[PDB]
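A single chain comes next, written as structure tokens; it is the form solved without its partner chain.
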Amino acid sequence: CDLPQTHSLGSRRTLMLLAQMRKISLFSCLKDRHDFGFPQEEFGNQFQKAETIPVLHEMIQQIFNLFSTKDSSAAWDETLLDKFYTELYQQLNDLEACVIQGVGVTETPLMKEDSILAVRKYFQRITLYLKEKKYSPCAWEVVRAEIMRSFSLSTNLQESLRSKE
């Protein structure tokens, strides 16, 4: 587990991989876009130090599964996806490490799973849109943007140092 807050490269790398995974301009996609409603009250609220670790583990799992789909693997570049899968699994192991050890992670009530359920539902909405859009590149770009906006705010719990109040 990562007890001392020295630095972090996991989120940084994953964030970069998603950036290089771009195909077209996002502003050129003003149609296949819609607020998916990224749950923040179950991410940044209450959950902070280690509390969001179980959520992140299952969240990345959803990301992994979604991107490992034959549909996603045919939308992005396999070369980038290869490292993406690697980084995702790397971070997955990093997160579950705290769950393996006797750290105060799974100490919270059913709320530790409730946040996860919210993620599964969030991704379900995404997949639903993808199905309707027939997994078009424009839709994927926005979907990727959502995952990019959500994932960044996922590890942001420790990366946040703007307001102490």
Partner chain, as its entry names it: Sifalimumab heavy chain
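Residue numbers count along the first chain shown, from 1.
The next section is about a form of this same protein that is not shown, the form solved in complex with its partner chain.
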At 4.5 Å between heavy atoms, is residue 93 in contact with its partner chain in the deposited bound form?
yes
Give a yes/no on whether residue 79 approaches its partner chain to within 4.5 Å in the deposited bound form, heavy atoms considered.
no
Residue 46 within 4.5 Å of its partner chain in the deposited bound form, heavy atoms:
no
